[PDB]
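> Structure in structure tokens, see below.
Here the Cβ positions follow ideal geometry from the backbone for every residue, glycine too, while neighbour counts run over all protein chains shown. Please treat every number below as a calculation from the coordinates, not as lab data.
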Amino acid sequence: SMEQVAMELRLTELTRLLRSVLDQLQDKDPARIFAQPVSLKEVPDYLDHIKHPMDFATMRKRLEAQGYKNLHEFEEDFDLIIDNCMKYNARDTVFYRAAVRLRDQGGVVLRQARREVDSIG
């Protein structure tokens, strides 16, 4: 149907906007602390602590399969990145501090993205 195509074009355009949001968020992580999944070889107990691991590469795989239906879903995954880190790592660690900084900086980007998704439909 023509409606299914129009829907798919909106999904595609949202994917376009989310890809740019993702690139901007990731730039707020120049150390690359959040680039890849936490290694279960190197942190063998990780899943006893963290039930839903997340990282920028796993987000990007989902993104490219057009797996985010709305901004809310994408923000849920960004928030897991930050929130998982702030639970597993103590306040006085480079990891925790990197998450705080990503959260604070990411907020700006996400605030305008919500306006753009509402604005462009």
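> Kindly evaluate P44 against the criterion of being of a type outside the set (V, I, T) and closer than 18 Å to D83 by Cβ. I'd like the intermediate steps shown before the answer.
Numbers: of a type outside the set (V, I, T): yes; closer than 18 Å to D83 by Cβ: no.
Spelling it out, it is not the case that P44 is of a type outside the set (V, I, T) and closer than 18 Å to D83 by Cβ.
> Do you know which residues across segment 24-33 are over 21 Å from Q112 (Cβ atoms) and in contact with a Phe, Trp or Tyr (Cβ under 8 Å, 6 or more places away or on another chain)?
Within segment 24-33, just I33 meets the criteria.
> Are there any pairs with C-beta distances below 8 angstrom linking a residue in segment 4-23 that is within 13 Å of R114 (Cα to Cα) to a residue that is among the polar types (S, T, N, Q) and loosely packed, with under 15 Cβ neighbours inside 10 Å, with the two at least 6 apart or on different chains, and if so which?
Pairs that qualify, where the first residue is within 13 Å of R114 (Cα to Cα) and the partner is among the polar types (S, T, N, Q) and loosely packed, with under 15 Cβ neighbours inside 10 Å, are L14/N70.
> Report, by residue number, each residue of segment 1-29 that is loosely packed, with under 12 Cβ neighbours inside 10 Å and under 14 Å from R62 (Cα atoms).
Once the filter is applied, which keeps residues that are loosely packed, with under 12 Cβ neighbours inside 10 Å and under 14 Å from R62 (Cα atoms), segment 1-29 yields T12, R16.
> Please specify each residue of segment 35-47 satisfying the condition of being surrounded by 11 or more Cβ atoms within 10 Å (Cβ to Cβ) and not hydroxyl-bearing (S, T, Y).
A35, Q36, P37, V38, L40, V43, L47
> While we're here: From the list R101, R32, pick out the single residue that is surrounded by 13 or more Cβ atoms within 10 Å (Cβ to Cβ) and either at positive phi or outside any loop (DSSP other than H, G, I, E, B) (or both). So that I can check it myself, show each step before the final result.
Numbers: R32 fails: surrounded by 13 or more Cβ atoms within 10 Å (Cβ to Cβ).
It is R101.
> Of the residues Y96, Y68, only one is closer than 30 Å to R10 by Cα, surrounded by 14 or more Cβ atoms within 10 Å (Cβ to Cβ) and not aliphatic (A, V, I, L, M); which?
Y68
> Would you check which residues across segment 44-73 are in contact (Cβ under 8 Å) with a residue 40 or more places away in the chain and assigned to a loop (DSSP other than H, G, I, E, B) and list them?
Those that are in contact (Cβ under 8 Å) with a residue 40 or more places away in the chain and assigned to a loop (DSSP other than H, G, I, E, B): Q66, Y68, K69, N70.
> Report the residue count in segment 1-45 for those that are within 26 Å of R101 (Cα to Cα) and among the polar types (S, T, N, Q).
Of the residues in segment 1-45, 6 are within 26 Å of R101 (Cα to Cα) and among the polar types (S, T, N, Q).
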